[PDB]
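What follows is a single structure, written as structure tokens, with notes after it.
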Amino acid sequence: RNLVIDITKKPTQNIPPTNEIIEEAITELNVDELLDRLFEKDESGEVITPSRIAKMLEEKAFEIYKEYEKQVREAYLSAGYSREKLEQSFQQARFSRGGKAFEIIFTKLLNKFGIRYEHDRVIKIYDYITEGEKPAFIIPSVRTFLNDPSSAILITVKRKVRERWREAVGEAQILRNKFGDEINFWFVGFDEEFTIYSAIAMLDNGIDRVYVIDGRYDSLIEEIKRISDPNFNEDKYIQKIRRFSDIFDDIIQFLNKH
Amino acid sequence: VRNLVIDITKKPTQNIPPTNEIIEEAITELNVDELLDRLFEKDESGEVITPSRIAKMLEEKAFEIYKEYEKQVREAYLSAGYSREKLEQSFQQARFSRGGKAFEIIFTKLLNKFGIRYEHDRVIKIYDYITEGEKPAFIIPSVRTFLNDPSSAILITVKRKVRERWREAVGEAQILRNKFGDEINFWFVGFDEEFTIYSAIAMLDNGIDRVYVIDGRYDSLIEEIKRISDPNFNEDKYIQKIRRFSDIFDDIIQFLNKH
DNA sequence: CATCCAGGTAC
DNA sequence: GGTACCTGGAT
């Protein structure tokens with residue numbers, strides 16, 4: 001509940017960090033005990049899947065966030081702060097934190113599955129430029145990637161995707177250009193409106209697997225199945241498009257093979 | 001700006017005149033047609049009238065007009081008791097979309113002035129079996145010409161502020177190169193004073209032929225490049241392919257004259 | 001519908 | 001400190 005507000009700070013700096021809010025959400029939803037029953041039925045009769053857990057956590061975290069946002073809004077308006085700037089700040093916070101929340105939830109799932117990873121580490125492309133490529137996750141480590149890219153997984157994760165899936169194509173290209181075509185680059189989106197073209201385009205242009213929010217999987221696969229063309233390798237796309245829920249065991253499977 | 005008739009039963013932003021209209025208003029207000037007549041000549045103040053300066057000035061004026069309209073709409077919706085959070089979100093979303101569109105429109109105005117034929121809104125189909133495809137902001141001179149001979153056309157991707165979204169262009173370029181081969185001409189234009197050296201270099205090494213930067217950033221960007229002291233870095237290779245925004249118009253002219 | 005990001009926030 | 005986020009609607 002009640003935040004200490006410091007109005008000398010940018011309003012959103014008064015809002016607890018996303019990791020804290022996720023931890024709050026995890027505690028409030030009893031997610032750890034829920035995670036102990038992954039792939040079993042919950043009391044409502046739904047299978048406890050990583051995608052459902054992620055969605056529930058992302059919603060609860062947002063609710064908690066919104067409470068904090070309200071507190072900050074009220075404080076800052078009481079201080080005379082521009083409403084327009086405040087709302088802009090909040091929207092920008094929501095974008096950043098919405099993404100971060102999903103990323104953090106992803107790591108909580110990696111952790112549960114005992115998957116070794118490194119997060120937001122920069123893969124240098126030019127040794128003389130500090131800036132490089134920063135997959136969301138490198139599994140198991142950047143060391144393993146650099147020594148044998150075929151043995152590591154690079155995962156980029158996005159919540160809503162819009163046209164931004166092309167960023168993943170670009171990242172994959174930069175990395176493939178440097179490290180060769182043996183890298184493994186997986187895309188995760190968490191977007192019910194994820195498009196067939198984006199999936200096929202990615203899979204044809206340097207992305208090895210595409211993971212979709214579970215609720216989009218069936219309809220997406222049905223769209224793929226409606227296509228008929230000798231140059232359309234339907235089975236390739238069907239195999240390489242996966243439910244979000246499957247990624248964790250897929251990673252384990254991969255590591256066991258590589 | 002005019003006093004809008006605001007219908008509060010519409011989405012708030014549907015009461016704001018479209019970007020094309022605002023740009024035309026700005027053009028009139030700034031007498032941009034007279035500025036364009038004086039392109040590459042000195043103005044009264046002493047500064048050369050460049051495409052980038054006209055673009056920036058026009059962009060800023062259109063934004064100012066937009067904001068005046070936004071304020072009118074805001075006041076009307078607040079009087080109606082409309083959700084402030086939703087209103088402001090809607091306006092931010094309008095500003096993102098409109099700010100991009102405004103830059104693209106401004107770019108076309110410059111293209112027109114130079115007699116550069118172009119098409120905008122053309123989808124380059126990638127698959128026979130999907131209608132969706134790649135959508136450069138501009139294809140010069142036309143998508144038919146591109147498809148006839150990809151080497152003979154220029155694909156131009158245009159962004160205002162860039163952030164990480166430059167990788168979209170690398171993505172687009174890869175998709176197009178995969179389909180059409182490496183003889184395509186794919187140019188990136190950013191209108192971003194914070195455009196980064198990494199983005200320029202990575203783009204140029206990864207399917208972007210030419211990178212155009214808002215004029216104000218060109219010098220400092222090149223200086224950063226020059227300050228890479230590792231002798232294994234071949235600055236010349238990159239510097240030649242990084243250009244000021246203002247240069248793109250003559251570059252297109254010279255390209256078309258050659259092709 | 002796909003693309004914009006008149007863009008600040010967050011780690 | 002510098003880059004990636006888009007708990008995202010408008011266009």
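Order of the sequence lines fixes the chain letters, A, B, ..., with proteins taken first and strands second; residue numbering starts at 1 for each chain.
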- prompt: D/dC6 base stacked by A/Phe95? Criteria: ring centres under 5.5 Å, plane angle under 30°.
  reply: no
- prompt: What pucker does D/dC6 have, north or south, from the sign of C1'-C2'-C3'-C4'?
  reply: south
task: Write down the distance between CH2 (A/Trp165) and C1' (C/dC4), rounded to a whole number of angstrom.
output: 15 Å
Verdict with supporting geometry, B/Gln89 and B/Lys86, side chain to side chain donor-acceptor pair (under 3.5 Å): CA-CA 5 Å; B/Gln89 176 189 51; B/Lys86 287 311 276 190; 2.8 Å; yes
query: With distance as the sole criterion, do the side chain of B/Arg163 and the base of D/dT3 form a donor-acceptor contact below 3.5 Å?
result: no
message: Using a distance-only criterion (donor-acceptor N/O pair, under 3.5 Å, no hydrogens), is the base of D/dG9 paired with the side chain of B/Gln89?
response: no
message: Nearest whole Å is fine: how far is C/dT3 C1' from B/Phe103 CZ?
response: 16 Å
message: Work out how far the P atom of D/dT7 is from that of D/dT3, and round it to whole angstrom.
response: 23 Å
task: Decide yes or no for B/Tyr127 and B/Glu132: does some side-chain heavy atom of the first lie under 4.5 Å from some side-chain heavy atom of the second?
output: no
statement: Rounded to whole Å, OH of B/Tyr77 lies from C1' of D/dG9 at a distance of 15 Å
task: Evaluate side chain to side chain donor-acceptor pair (under 3.5 Å) for A/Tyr197 paired with A/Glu223, printing each intermediate quantity in order.
output: CA-CA 10 Å; A/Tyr197 175 78; A/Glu223 286 180 51; over 6 Å; no
task: Look at the side-chain N and O atoms of B/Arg167 and state whether any lies under 4.0 Å from the OP1 or OP2 oxygen of D/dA4.
output: yes
- prompt: Between A/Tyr237 and A/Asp204, is any side-chain donor less than 3.5 angstrom from a side-chain acceptor?
  reply: yes
message: Under 3.5 Å, is there any donor-acceptor pair linking the side chain of B/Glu164 to the base of D/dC6?
response: yes
- prompt: Which of the following nucleotides, D/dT11, C/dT9, D/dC6, is nearest to the side chain of A/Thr12?
  reply: C/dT9
task: Establish, with yes or no, whether the OP1 or OP2 oxygen of C/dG7 is under 4.0 angstrom from a side-chain nitrogen or oxygen of B/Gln92.
output: yes
message: Under 4.0 Å from OP1 or OP2 of D/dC6: is there any side-chain N or O of A/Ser96 that close?
response: no
- request: Please report, rounded to the nearest Å, how far the P atom of D/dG8 is from the CZ atom of A/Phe90.
  value: 13 Å
task: Using atom CZ of B/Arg98 as one end and atom P of D/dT11 as the other, report the distance to the nearest whole Å.
output: 4 Å
message: Can you measure B/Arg160 atom CZ to D/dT11 atom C1' for me and round it to whole angstrom units?
response: 16 Å
task: Would you check if the distance from the ring center of A/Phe102 to the ring center of A/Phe244 is below 6.0 Å?
output: yes
- prompt: Is there a donor and acceptor pair, one atom on the side chain of A/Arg164 and one on the base of D/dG8, closer than 3.5 Å?
  reply: yes
Gap in Å between the two P atoms, one belonging to C/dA6 and one to C/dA2, rounded: 22 Å
- prompt: Where is the tightest heavy-atom contact between A/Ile125 and A/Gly132, given as atom of each residue plus distance?
  reply: CG1-CA, 4.4 Å
message: Return whichever of A/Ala93 or B/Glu60 has its heavy-atom-nearest nucleotide of DNA chain C closer to the 5' end.
response: B/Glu60
message: Tell me the interatomic distance from A/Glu84, atom CD, to C/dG7, atom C1', rounded to whole angstroms.
response: 13 Å
field: Pairing partner of C/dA6 (Watson-Crick or G-U wobble, both distances under 3.5 Å)
entry: none
field: Nearest-Å distance for atom pair CD/P, residues A/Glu131 and D/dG2
entry: 8 Å
query: Does A/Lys158 have a side-chain nitrogen or oxygen under 4.0 Å from the phosphate oxygens OP1 or OP2 of D/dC5?
result: yes
